[PDB]
Amino acid sequence: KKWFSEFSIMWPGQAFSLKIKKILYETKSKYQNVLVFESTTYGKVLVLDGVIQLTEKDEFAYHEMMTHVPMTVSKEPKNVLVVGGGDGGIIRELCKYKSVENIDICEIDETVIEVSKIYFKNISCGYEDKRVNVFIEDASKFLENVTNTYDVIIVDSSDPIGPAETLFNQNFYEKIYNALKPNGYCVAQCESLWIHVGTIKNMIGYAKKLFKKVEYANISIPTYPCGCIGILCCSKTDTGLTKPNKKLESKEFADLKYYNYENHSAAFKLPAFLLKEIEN
Amino acid sequence: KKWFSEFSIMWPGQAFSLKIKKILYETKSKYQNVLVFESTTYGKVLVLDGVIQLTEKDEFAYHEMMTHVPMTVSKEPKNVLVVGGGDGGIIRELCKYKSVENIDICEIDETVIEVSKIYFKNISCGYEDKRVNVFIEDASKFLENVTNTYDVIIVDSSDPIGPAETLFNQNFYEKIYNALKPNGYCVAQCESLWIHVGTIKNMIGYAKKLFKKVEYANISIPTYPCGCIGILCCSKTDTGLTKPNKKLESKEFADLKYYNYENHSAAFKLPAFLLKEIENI
Ligand SMILES: CSC[C@H]1O[C@@H](n2cnc3c(N)ncnc32)[C@H](O)[C@@H]1O
Ligand SMILES: CSC[C@H]1O[C@@H](n2cnc3c(N)ncnc32)[C@H](O)[C@@H]1O
């Protein structure tokens, strides 16, 4: 009985392994190597170019924090875009907001959507919502001509090596800024504070050229390297994304497993060493 | 270059590994297998029975949260007990409080204190402080017949597989409770909320039979399984441990790399699923 090991040039000197119960699917798509397996203790796992993208056991932490942070701050969002996120976990959490009109997703790799629909039904269930519109395209190309459209943009990308390489540069952030409404918000997956603080500082700096308020939050998730991942939070208004404007009290939100009102703000209380690195 | 991989029945089906620059020391003590190695990206690493105890790069997160949460709540803590903690990290943090009068440490395995002096001098530097008294004993035995003595008890244990087994039971918590002053506090290492909910529920339940207010806080640390570890927070007053009564702003605290006043309280804002489980204790 074998183990899967996640080793990368992006985090050298460390590795995380999961014991494999069985391999479910492996193929090479037009864009990336795609592996799906049942682990013995974290449920099903999705792997792209040898990097864990999700497990069934902990995916809610990431998907709920990335969605409910901006969606409890934006008032009356009508148009939201997911960049990347082919598994559909973000769309799942977005569907819970009954007054959103259009959920647009731009995913480069249609094989990730297919596989998610087949093997991760509890994640990909939102694709059935008739408000969902799917665009199969490089988001960097998709966003190049959009302006003044989205209330919230959620960048749920894979890591900078592979097709997401176009999503971690200044030009992309300008596109996000322009694609947003005047009071719109963006959140984006961003490097772990335990790995490359220099990358976080680079990303904050690209955002701060455009956005009035740029903040960083941490989410605990055991199957990403170092057991955590950042959220780069970008606001066009001065008030930012640290404090929710509403409580998720309706029935669609009863079963949340991570997010709540208090932990929203707590997510932005970062270790002292990081604060010092990003203050200056 | 070889890798070190951390396997345990306490975390089946997963493992974290670190690339080994060089092996520094390996010995079987009277109690456990002791390993020290230099990793390629985390510095030196202390391993006990095949489980990572600390690394140089991230040890401050655990030692600072474990220490400064109770020490900023207790108003005038003069006598403090560390259980376990042979490496010295909690003692280092405690020595920063000039107003502390006495620090007792009870550590079962003196080889771990010896190894820490040799290979972890930036962690073991407090053993030189003249306030520090060292007892080499199973803390379960040590605390029999200690009563109404400590303002703070900090239980920096290894995992419950091995000699720390005697620290993860109701009997231990009766001793802690008796050894603390009437407004004393205890904090105890209490495992990962991603995989140890069973243990976390058992421990909180033992503490709740004695203490009026029992809380749980989480610390981000990448070299413990799941990238986090919790603090079982035990108070004899109803106000508990979530709000500090002092700030760490003086020179002695200039070097803090994790803890601050907001982070203290934020540590206790737990994931929704964990809150639901703690409701079922
Ligand atoms: C699984 S969540 C991360 C996703 O980001 C998608 N992705 C990577 N690069 C891009 C890109 N340039 N545009 C849109 N989606 C992308 C990946 O194919 C993956 O499904
Ligand atoms: C390295 S910090 C953890 C410390 O807890 C110590 N320890 C484990 N069990 C006990 C015990 N029953 N009493 C005191 N210290 C202990 C271990 O030897 C280790 O040095």
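Its PDB record attributes the structure to X-ray crystallography, giving the resolution as 1.75 Å.

Structural notes on the site of ligand 2
Residue and element names in this part refer to chain B. Taken together, 22 residues lie near ligand 2, and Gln-32, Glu-107, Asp-138, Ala-139 and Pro-163 sit nearest. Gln-32 places a polar side-chain atom, nitrogen or oxygen, 2.8 Å from an oxygen atom of ligand 2. A distance of 2.5 Å is found between an oxygen atom of ligand 2 and a side-chain nitrogen or oxygen belonging to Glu-107. Isolated, ligand 2 exposes 460 Å² of accessible area, and the fraction of that covered by the protein chains is 99%. Partitioned by chemical class, the residues of the shell around ligand 2 number eight nonpolar, eight polar and six charged.

A word on the domain arrangement of chain A
Where interface size is quoted, it is often the accessible area lost as the parts come together. All names here are of chain A. Entries for chain A in the domain assignment read domain 1 (1-57) and domain 2 (58-280). With centres defined by C-alpha atoms, the gap from domain 1 to domain 2 works out at 22 Å. Taken residue by residue, the interface counts 26 residues in domain 1 and 26 residues in domain 2. Around 2,300 Å² of area is buried between domain 1 and domain 2 when both sides are counted, 67% of it from carbon and sulfur atoms. By the criterion of area lost to domain 2, the three top residues of domain 1 are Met-10, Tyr-31 and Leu-54, representing 24% of everything that side buries. Where domain 1 packs against domain 2, one counts seven residue pairs in polar contact. Among the secondary structure elements, those contributing two or more residues to the side of domain 1 that touches domain 2 are β2 (14-28), β4 (44-48) and β5 (51-55). Its residues assigned to classes, the side of domain 1 that touches domain 2 shows 15 nonpolar, six polar and five charged.

A short note on the pattern of salt bridges
Residues and elements named next belong to chain A. Here the structure, examined in full by the defined rule, presents 18 salt bridges over all chains. Residue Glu-59 pairs with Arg-92 through a salt bridge whose shortest N-O separation is 2.7 Å. Of the two residues, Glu-59 is situated in helix α1 (residues 59-71) and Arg-92 in helix α2 (residues 89-94); the sequence distance between them amounts to 33 residues. Of the charged contacts, one joins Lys-78 and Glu-101 as a salt bridge, the two residues approaching to 3.4 Å between their closest N and O atoms. With a gap of 23 residues between them, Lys-78 in the loop between α1 and β6 (79-84) and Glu-101 in the loop between α2 and β7 (102-107) connect regions that are remote in the sequence.

Describing the sheet that holds strand β10 (residues 180-190) of chain A
Residue and element names in this part refer to chain A. Sheet architecture is open: seven strands sit in the order β8-β7-β6-β9-β10-β12-β11, paired in mixed fashion. Of all the strands in the sheet, just β8 (132-136) and β11 (213-220) have a single pairing partner and so form its edges. With strand direction ignored, the average angle separating the axes of adjacent strands in the sheet is 15°. Contacts from helix α6 (residues 197-208) reach β10, β11 and β12 (228-235), with the element oriented near 145° to β11.

Remarks on the site of ligand 1
Residues and elements named next belong to chain A. Near ligand 1 you find 22 residues, and of these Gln-32, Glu-107, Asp-138, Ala-139 and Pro-163 are the closest. Within the side chain of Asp-138, an N or O atom sits 2.8 Å from a nitrogen atom of ligand 1. One of the side-chain nitrogen or oxygen atoms of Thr-166 is found 3.4 Å away from a nitrogen atom of ligand 1. Protein burial of ligand 1: of its 460 Å² of free accessible surface, 99% is covered by the chains.

Looking at the UniProt feature "active site" (unreviewed entry) in chain B
All names here are of chain B. On the UniProt side, "active site" (unreviewed entry) is annotated at positions that read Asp-156 here. Mapped onto the elements of the fold, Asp-156 is located in strand β9 (residues 150-156). If we ignore the near neighbours within four places in the chain, the residues touching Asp-156 are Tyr-62, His-63, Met-66, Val-83, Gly-84, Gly-85, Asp-87 and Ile-90.

Structural notes on unusual backbone geometry
Excluding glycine, most residues fall at negative phi; most peptide bonds, likewise, are trans. Phi is positive for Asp49(B), which is not a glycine, with a value near 45°. Tracing the backbone shows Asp49(B) in the loop between β4 (44-48) and β5 (51-55).

Section: the environment of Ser8(A)
All names here are of chain A. Tracing the chain through its elements places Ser-8 in the loop between β1 (3-6) and β2. Residues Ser-8 and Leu-94, spaced 86 residues apart in sequence, show a C-alpha to C-alpha distance of 31 Å. At a separation of 2.9 Å, a polar atom in the side chain of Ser-8 contacts the main-chain amide nitrogen of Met-10.

Topic: the packing of aromatic side chains
Applying the stated rule across the entire model yields 23 aromatic pairs over all chains. When the centroid spacing of 5.4 Å and the interplanar angle of 40° are considered together, the rings of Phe4(A) and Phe37(A) count as tilted. With a gap of 33 residues between them, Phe4(A) in strand β1 and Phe37(A) in strand β3 (residues 33-39) connect regions that are remote in the sequence. Since its relative accessible area comes to 0%, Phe37(A) is described here as buried. Each ring, one from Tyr177(B) and one from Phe211(B), has its centre 4.9 Å from the other, and the planes form 75°; the classification is edge-to-face. Residue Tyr177(B) is located in helix α5 (residues 170-179), and its partner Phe211(B) is located in the loop between α6 (197-208) and β11 (213-220); the two are separated by 34 residues in the primary sequence. For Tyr177(B), a relative accessible area of 27% translates into the label partly exposed. Taken together, the ring pairs connect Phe60(A), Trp194(B) and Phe273(B) into an aromatic cluster. The aromatic ring of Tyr177(B) is capped on one face by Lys236(B), whose charged end is 4.1 Å from the ring centroid.

Criteria and cut-off values
- Residues numbered from 1 in each chain as written, not as in the entry; some residues may be left out.
- Chains lettered and ligands numbered in written order.
- Heavy atoms only, no water.
- Residues with missing side-chain atoms left out of burial classes, pairs and counts.
- Near = heavy atom within 4 Å.
- Polar contact = N/O pair within 3.5 Å; in protein donor to acceptor, adjacent residues only side chain to side chain.
- Areas by Shrake-Rupley, 256 points an atom, 1.4 Å probe, with all protein chains shown as cover.
- Nonpolar A, V, L, I, M, F, W, Y, C, P; charged D, E, K, R; others polar.
- Domains from an automatic or database assignment.
- Contact = heavy atoms within 4.5 Å.
- Buried area = accessible area lost by both parts, 1.4 Å probe.
- Helix = DSSP H or I, 4+ residues; strand = E, 2+ residues; numbered from the N terminus.
- Salt bridge = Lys/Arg side-chain N within 4 Å of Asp/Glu carboxyl O.
- Pairing = 2+ DSSP bridges.
- Axes fitted to C-alpha atoms, helices over the stretch in contact; angles between N-to-C directions.
- UniProt positions renumbered as here; feature names shortened; annotations may be inferred.
- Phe/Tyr/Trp six-rings, centres within 6.5 Å; stacked < 30°, edge-to-face > 60°.
- Buried < 20%, exposed > 50% of the residue type's maximum accessible area, 1.4 Å probe, protein only.
- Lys NZ or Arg CZ within 6 Å of the ring centre and 35° of its normal.

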